[PDB]
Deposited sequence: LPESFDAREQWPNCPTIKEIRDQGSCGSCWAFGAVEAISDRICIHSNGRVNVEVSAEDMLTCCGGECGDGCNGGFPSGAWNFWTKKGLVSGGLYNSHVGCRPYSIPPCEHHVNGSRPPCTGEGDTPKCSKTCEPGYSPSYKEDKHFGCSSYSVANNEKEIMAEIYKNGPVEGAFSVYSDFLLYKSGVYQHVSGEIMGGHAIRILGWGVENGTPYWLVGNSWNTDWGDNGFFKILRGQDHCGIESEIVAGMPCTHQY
């Protein structure tokens, strides 16, 4: 395996890999890390381009994935993709796809022109219909995964999975010092535990002798490094290597 790897550069024909979304004021990271990686993989393994609906995942999976805006389980999300499939849907107010995200973008621990995020967010309804004007129907717009699996807490195997099949979803413990991340390789040194956070890992590298994972957060582009961040790799730091999940699209 190479010393560095950036899925964005390795699969130039898959622009979703470069995208950063905004989960808004809702604890839907579990759903976002999943639909983002799934969007990447659908393009990688059939290179069609589809903005997989975070709304569909967030609202229709139900208990199997956890508790909507109150948090969920990454592996459960990929299961939903294989069992019920996922329709298309872009950013809030984009009118792109069957079910665009219904929760407004906000400022995540940074100042900006958008309203500041306010944790309190209610899970939107599971509506099995597409926005007006969109074709085909909800049922016909479903994209299915043909496998849902968990990658071992093994640096090499995780790198190998990304290298071969594309970005994966992972999760780590968020402590307050992470909230102010701007650049460099993040290592937890201070701050209270905020809870588990699911994200999309799309590569790795070494910065100043420090091995890291290239990660895409779901807090818009004005947070962190253009929406992305790097975190220490190789020591299961904050559990970043403990809950990796992925899957392959059908056909």
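Lining up the deposited sequence with the coordinates, I want the ranges that have no C-alpha atoms.
Missing C-alpha atoms (numbering from 1) occur across the ranges 48 to 49, 254 to 256.
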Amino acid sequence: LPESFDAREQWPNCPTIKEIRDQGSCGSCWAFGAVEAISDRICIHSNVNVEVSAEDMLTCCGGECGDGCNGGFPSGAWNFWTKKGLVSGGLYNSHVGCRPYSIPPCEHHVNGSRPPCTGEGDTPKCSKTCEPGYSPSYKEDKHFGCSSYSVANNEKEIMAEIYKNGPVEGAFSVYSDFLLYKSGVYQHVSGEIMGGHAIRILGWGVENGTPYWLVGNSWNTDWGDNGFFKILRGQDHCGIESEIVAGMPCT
From here on, numbers count along this sequence of modelled residues.
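State which stretch shows the higher mean Cα B factor in the entry: 173 to 181 or 112 to 120.
In the deposited entry, the stretch with the higher C-alpha B-factor mean is 112 to 120.
Could you settle it for me: does 131 to 139 or 68 to 76 have the higher average Cα B factor in the PDB entry?
Result: 131 to 139.
Deposited CA B-factor, highest of 194, 38, 31, 199:
Comparing C-alpha B-factors across 194, 38, 31, 199, the maximum falls on 194.
For the listed residues 187, 218, 59, 53, which one has the largest C-alpha B-factor as given in the deposited model?
Going by the entry's C-alpha B-factors, 187 comes out highest.
How does residue 235 rank on Cα B-factor within its chain, lowest, middle or highest third?
Highest third.
Could you place residue 147 in the lowest, middle or highest third of its chain by Cα temperature factor, using the values in the record?
Highest third.
Could you tell me which third, lowest, middle or highest, the C-alpha B-factor of residue 102 occupies within its chain?
Its C-alpha B-factor, which the entry lists for residue 102, ranks in the middle third among residues of this chain.
Residue 203 - which third its CA temperature factor falls in, relative to the rest of the chain
Lowest third - that is where residue 203 ends up once the chain's C-alpha B-factors are sorted.
Where does residue 244 sit by CA temperature factor within its chain: lowest, middle or highest third?
As the PDB entry reports it, the C-alpha B-factor of residue 244 lands in the lowest third of its chain.
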